[PDB]
């Protein structure tokens, strides 16, 4: 149904996985990646697949003149570009305001001008926090104990705040101006090409570099893990078959606490169970996230394929091990940045 799509943020983790998906499975589609190449953008994520199907344009989603030139030639925008890290947002919120809110607005106005399709990629963090399962009457399976499409927005941080704000203007542009938009809110992704500032890759690559893994407080927090490959298929389903104006939740029923994830990484890599450091906990830290993906399953027939987390994590560890040249140049700098605000608890 689309032949010339713009993928914003396609040189990053999840966005580049999506571009690979289209290159492999839909070779009749042309992709134009629009990416600013911040600290998180990486030409190596796309270099081997650039050609007649995929092109890279370096620039800012808030650059209205550039966005206009690109949108005049496209039939859809799939929007991943964002500042994506909670810890960076606590240290300096400025680029989150610019990219996440002003950038989304700029893209919406182009979609309105050219009357083209727009899919907004977003997060479960817009809904805030939930209690741990041991503290709920239905132990996580009762009404209201997971997020649904009817859950109230209640974000906790400058990152999650600016994401939620962007979701709200998308929805208002549909009602007020008839923009052809859909929204997705997905749980925590993992897999190859994730930046080493994030939880799973940071621990794996610390171990590879002879550095201790780092756990925030005692590791009680719970995240709902989904493989990026499954997020790609979900977005493709919503883009091509979704109902205009609707919000869809994406998740794979994969809740784990941070302590248990770290213990699995240590064991898989041959390290002792206690070979890690407890570090300064995150201001305003969100407790538990959990997604009920019944609407997407029911309506569009999407099913996740990578539901064995043990096997998915094993393949992820092997990828970081086999591609050390992809991350080694960033290790010292990322760890030094964290050292400015985190220390070992003792």
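Positions refer to the first chain, counted from 1.
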Identify the stretch, either 255 to 263 or 143 to 151, whose C-alpha atoms have the larger mean B-factor according to the entry.
-> 143 to 151
Once average C-alpha B-factors are taken from the entry for 112 to 120 and 270 to 278, the winner is 270 to 278
Between 95, 191, 137, 213, which one tops the list for C-alpha B-factor in the PDB entry?
-> 137
Determine which member of 25, 16, 337, 323 has the highest CA B-factor, using the values in the deposited entry.
-> 25
So where's residue 242 on the chain's Cα temperature factor ranking, which third?
-> highest
Going by the recorded CA B-factors, say which third of the chain residue 298 sits in, lowest, middle or highest.
-> middle
Relative to the other modelled residues in the chain, which third contains the C-alpha temperature factor of residue 73: lowest, middle or highest?
-> highest
Which third of the chain holds residue 45 when residues are ordered by C-alpha B factor: lowest, middle or highest?
-> middle
By the record's CA B-factor, is residue 288 among the lowest, middle or highest third of residues in the chain?
-> lowest
